[PDB]
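Asks: One structure is given below, represented as structure tokens, and several questions about it will come after.
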Amino acid sequence: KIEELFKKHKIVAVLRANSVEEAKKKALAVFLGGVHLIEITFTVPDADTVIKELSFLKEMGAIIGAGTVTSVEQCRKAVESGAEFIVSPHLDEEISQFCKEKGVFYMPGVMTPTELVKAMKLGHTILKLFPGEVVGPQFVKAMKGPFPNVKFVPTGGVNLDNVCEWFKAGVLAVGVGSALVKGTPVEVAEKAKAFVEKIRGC
């Protein structure tokens with residue numbers, strides 16, 4: 001299901017912005033450019049309102065989730081406002097449990113083998129790898145040995161020059177923030193197109 005969406009789309013826009021209006025415009029830009037998985041981070045002011053106001057894009061096939069979720073209270077608001085998936089930078093046992101009871105897909109972030117194993121023990125096999133620019137594809141390749149059945153979605157520094165290396169290392173999808181989302185709506189929509197083509201291209 002959610003696994004299958006990540007597998008199909010291969011890219012999630014990690015949307016940080018200074019306002020509701022900027023966040024919505026960038027989410028539309030990205031969608032118009034072919035990115036269907038959209039993660040509204042909780043560093044966006046009133047991130048819940050943004051998720052609720054983008055709810056209609058679901059009817060056009062957009063998949064709207066929440067990122068930078070750091071407490072169960074934030075998790076509740078996101079789900080209440082229609083988030084189809086929850087992402088955090090870290091592994092949160094409390095958010096894991098809440099999302100399990102609520103029946104919503106949670107992708108915790110991990111940076112070490114010990115964190116990875118704890119996440120697996122909590123039932124997760126699709127992991128956010130964060131920050132990707134610190135560990136790199138090297139980390140993803142290293143994990144294939146001992147943990148052949150874990151799959152990563154790196155966030156952090158993924159860009160046009162390295163996106164194909166990441167996929168060569170064995171990642172399931174990539175989460176792209178500033179390389180995709182920074183700039184004006186027009187620039188973002190265009191960069192969205194470039195990433196889709198570059199990803200298809202490899």
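Residue names in the structure tokens use chain letters A, B, ... in the order shown, residue numbers from 1 in each chain, and ligand numbers from 1 in the order shown.
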Going by DSSP on the backbone, which residues of stretch 100-156 of chain A come out as alpha helix (DSSP H)? List them as number ranges by chain.
Replies: A: 100-102, 113-121, 132-135, 137-144
Asks: Sort by chain and increasing residue number a table of all residues of stretch 157-187 of chain A within 9 Å of stretch 115-130 of chain A, each with its closest pair of atoms and their distance in Å to one decimal, counting only C-alpha atoms, and write it as a tab-separated table.
Replies:
residue	atom	partner	partner_atom	distance
A:172	CA	A:126	CA	8.1
A:174	CA	A:128	CA	8.9
A:175	CA	A:128	CA	8.4
Asks: Keeping only N, CA and C atoms, write those residues as a PDB file, in the first residue's frame.
Replies:
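This is the output file out_31.pdb:
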ATOM      1  N   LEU A 172      14.817   2.866  -1.754  1.00  0.00           N
ATOM      2  CA  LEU A 172      13.458   2.646  -2.177  1.00  0.00           C
ATOM      3  C   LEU A 172      12.865   3.901  -2.836  1.00  0.00           C
ATOM      4  N   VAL A 174      13.523   8.658  -2.689  1.00  0.00           N
ATOM      5  CA  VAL A 174      14.328   9.739  -2.065  1.00  0.00           C
ATOM      6  C   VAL A 174      13.382  10.842  -1.548  1.00  0.00           C
ATOM      7  N   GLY A 175      13.760  11.497  -0.463  1.00  0.00           N
ATOM      8  CA  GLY A 175      13.045  12.679  -0.004  1.00  0.00           C
ATOM      9  C   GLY A 175      13.878  13.906  -0.336  1.00  0.00           C
TER      10      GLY A 175
END
Asks: Please give the complete set of residues from stretch 17-147 of chain A that DSSP, run on the backbone, assigns to strand (DSSP E), formatted as a list in words.
Replies: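 The strand (DSSP E) subset of stretch 17-147 of chain A is residues 37, 38, 39, 40, 41, 63, 64, 65, 66, 67, 85, 86, 87, 105, 106, 107, 109, 110, 126, 127, 128 and 129 of chain A.
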Asks: Which residues are near residue A:183? Cut-off 12 Å, only C-alpha atoms, ignore same chain within fewer than 5 positions. Put them as number ranges by chain.
Replies: A: 15-17, 22-23, 25-26, 29-30, 177-178, 188-192
Asks: For those residues, write N, CA and C atoms to a file as a short mmCIF file (atom, residue, chain, number, x, y, z; two decimals), in the first residue's frame.
Replies:
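Result went into selection27.cif, see below:
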data_model
loop_
_atom_site.label_atom_id
_atom_site.label_comp_id
_atom_site.auth_asym_id
_atom_site.auth_seq_id
_atom_site.Cartn_x
_atom_site.Cartn_y
_atom_site.Cartn_z
N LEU A 15 8.63 19.55 2.26
CA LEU A 15 8.24 20.93 2.03
C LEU A 15 8.41 21.73 3.29
N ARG A 16 9.49 22.51 3.36
CA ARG A 16 9.64 23.55 4.37
C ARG A 16 9.36 24.90 3.70
N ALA A 17 8.76 25.82 4.46
CA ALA A 17 8.28 27.12 3.98
C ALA A 17 8.02 28.01 5.17
N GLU A 22 2.89 30.06 1.15
CA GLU A 22 4.09 29.62 0.43
C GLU A 22 4.09 28.10 0.33
N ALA A 23 3.75 27.45 1.44
CA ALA A 23 3.71 25.97 1.50
C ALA A 23 2.69 25.42 0.49
N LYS A 25 1.47 26.90 -2.26
CA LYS A 25 1.92 27.20 -3.61
C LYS A 25 3.04 26.25 -4.05
N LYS A 26 3.98 25.95 -3.14
CA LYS A 26 5.05 25.01 -3.46
C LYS A 26 4.52 23.58 -3.62
N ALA A 29 3.02 23.57 -7.00
CA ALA A 29 4.13 23.59 -7.97
C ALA A 29 4.69 22.20 -8.20
N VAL A 30 5.10 21.56 -7.10
CA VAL A 30 5.65 20.21 -7.10
C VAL A 30 4.71 19.17 -7.75
N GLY A 177 14.27 18.01 -0.33
CA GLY A 177 13.85 19.27 0.26
C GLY A 177 14.32 20.42 -0.61
N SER A 178 15.32 21.15 -0.11
CA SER A 178 15.73 22.44 -0.69
C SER A 178 16.09 22.38 -2.18
N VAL A 188 10.20 26.02 -8.68
CA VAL A 188 9.92 24.74 -8.00
C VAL A 188 9.22 23.74 -8.93
N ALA A 189 8.17 24.20 -9.63
CA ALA A 189 7.47 23.37 -10.61
C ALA A 189 8.42 22.81 -11.66
N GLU A 190 9.32 23.67 -12.12
CA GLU A 190 10.35 23.28 -13.10
C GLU A 190 11.35 22.31 -12.52
N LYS A 191 11.85 22.59 -11.32
CA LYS A 191 12.82 21.64 -10.72
C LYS A 191 12.19 20.26 -10.46
N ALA A 192 10.91 20.27 -10.07
CA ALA A 192 10.07 19.07 -9.98
C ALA A 192 10.11 18.22 -11.26
#
Asks: For residue A:95, which of A:181, A:79, A:28, A:153 is the closest residue, counting only C-alpha atoms?
Replies: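 Nearest candidate to residue A:95 out of A:181, A:79, A:28, A:153: A:79.
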